[PDB]
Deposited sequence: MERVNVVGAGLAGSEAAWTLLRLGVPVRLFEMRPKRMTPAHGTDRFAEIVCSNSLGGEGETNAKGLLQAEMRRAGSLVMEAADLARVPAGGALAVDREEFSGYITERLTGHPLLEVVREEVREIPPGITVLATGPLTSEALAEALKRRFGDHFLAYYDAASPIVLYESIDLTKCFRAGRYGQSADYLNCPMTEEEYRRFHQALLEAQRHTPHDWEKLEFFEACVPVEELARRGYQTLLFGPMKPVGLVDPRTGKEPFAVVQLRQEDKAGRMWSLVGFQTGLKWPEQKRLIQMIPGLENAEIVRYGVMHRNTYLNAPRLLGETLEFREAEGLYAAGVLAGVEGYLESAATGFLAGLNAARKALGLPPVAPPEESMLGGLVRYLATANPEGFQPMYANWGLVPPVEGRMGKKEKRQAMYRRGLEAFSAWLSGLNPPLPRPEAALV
């Protein structure tokens, strides 16, 4: 019909291309490597794994585990490669990285419907196009995306604060409120002077400014910063608290709230330790840890639909880190969806999206509808899907969520018209 462009042959680009091919749609796959390398890549292989060889935990209480199962059910090339290249790593799905990318490279390159172009794409290609250029998207394409969609809707670094599950918050210790300049819908966690003092020092021991760097500059620094109580009034004392930690709603459904101004580079167990010191958050469940690093991505809530098609550019898609996710598997899975919808478009069919119970479904809903102001990248986590009701233990609830999501995803796949062929 029409040959579809896929820009970038990483995790997301490789899966997109494959999905197009599986549906008999011809692909033009651009990859600048090796003509131009990124600071993190060392080969010219498709889907090169640049760091850890882990695709995440595979257990039935792990959100990444559910996403693995969905992609396996979908006949994903990345999962096929991963299962073949698997090496023992207790708990996690880990791979021999060269075998993995070699297998993926061979399968794609040897497909007759696939044409590979070894060039840096400097402008958005016309026609039906999937952009999947990753955290180290070439500067020229990044600037082309800004020119086309707006210079505040692409970032070159993230600065993400920890996000906690709302249902894990002890709300008796908080209050909704804003100060002048703020929306009245922040959650506030008040601290006494002694509570702040101990918090500040634990932060020293834990080691757009990273929050720990502010502590390091002194006791007063945080208080002048993101923990300033000015303009707030505790309705439990009728007074302005000594200090506060504010939380803001991140997802449309309200299951996920971030700590305001808590961008951080602390190790994950240190973040957990620190957050559980905050009144209201003592047994809060962190579902997305804070990070700050070089990372090119689009503001998905301002730009994309749940289908991963650009809302204001028909037949254009983003996948992977560029689309606002984080993680090898998350990149591949959004690659799959974007490739599926791009293929459908080429075939004159309307777009689809997985259900909200599935991890991929929960993930793309979040990309499309999360809080757009200061949007940060998201990885798979249980905050993304509806909870299971009950008084049974956490592990049992999560197992149920896993089973319900994989079942919803499988039914969705089965309903596909046209269907994806068996692997």
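- Several segments of the deposited sequence have no coordinates for C-alpha: 208 to 222, 439 to 443, numbered from the first residue.
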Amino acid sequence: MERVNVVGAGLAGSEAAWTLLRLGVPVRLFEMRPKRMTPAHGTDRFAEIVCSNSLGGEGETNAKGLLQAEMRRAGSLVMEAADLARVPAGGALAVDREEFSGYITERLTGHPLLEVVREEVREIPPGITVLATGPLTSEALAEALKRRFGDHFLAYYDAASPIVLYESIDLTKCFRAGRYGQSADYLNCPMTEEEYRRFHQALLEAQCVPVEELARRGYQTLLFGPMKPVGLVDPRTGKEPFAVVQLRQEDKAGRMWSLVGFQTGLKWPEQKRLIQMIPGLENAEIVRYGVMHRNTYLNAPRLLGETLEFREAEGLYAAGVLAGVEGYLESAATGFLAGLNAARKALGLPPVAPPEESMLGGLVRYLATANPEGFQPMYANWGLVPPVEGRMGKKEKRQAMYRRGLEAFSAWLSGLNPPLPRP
From here on, numbers count along this sequence of modelled residues.
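- Checked against the record, the higher mean CA B factor of 164 to 172 and 145 to 153 lies with 164 to 172.
- Just going by the entry, 392 to 400 versus 45 to 53 on mean CA temperature factor gives the higher value to 392 to 400.
- Of the residues listed, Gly315, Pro279, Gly335, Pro301, the entry assigns the biggest Cα temperature factor to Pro279.
- Of all the options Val78, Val287, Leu322, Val230, the entry's greatest CA B-factor is assigned to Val230.
- In the PDB entry, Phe262 places in the middle third of its chain by CA B-factor.
- Sorting the modelled residues of the chain by their CA temperature factor places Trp268 in the middle third.
- Annotation for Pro241: C-alpha temperature factor in the highest third relative to the rest of the modelled chain, per the entry.
- Among all modelled residues in its chain, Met37 ranks in the highest third by Cα B-factor.
- In the deposited entry, the Cα temperature factor of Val4 places it in the middle third of its chain's modelled residues.
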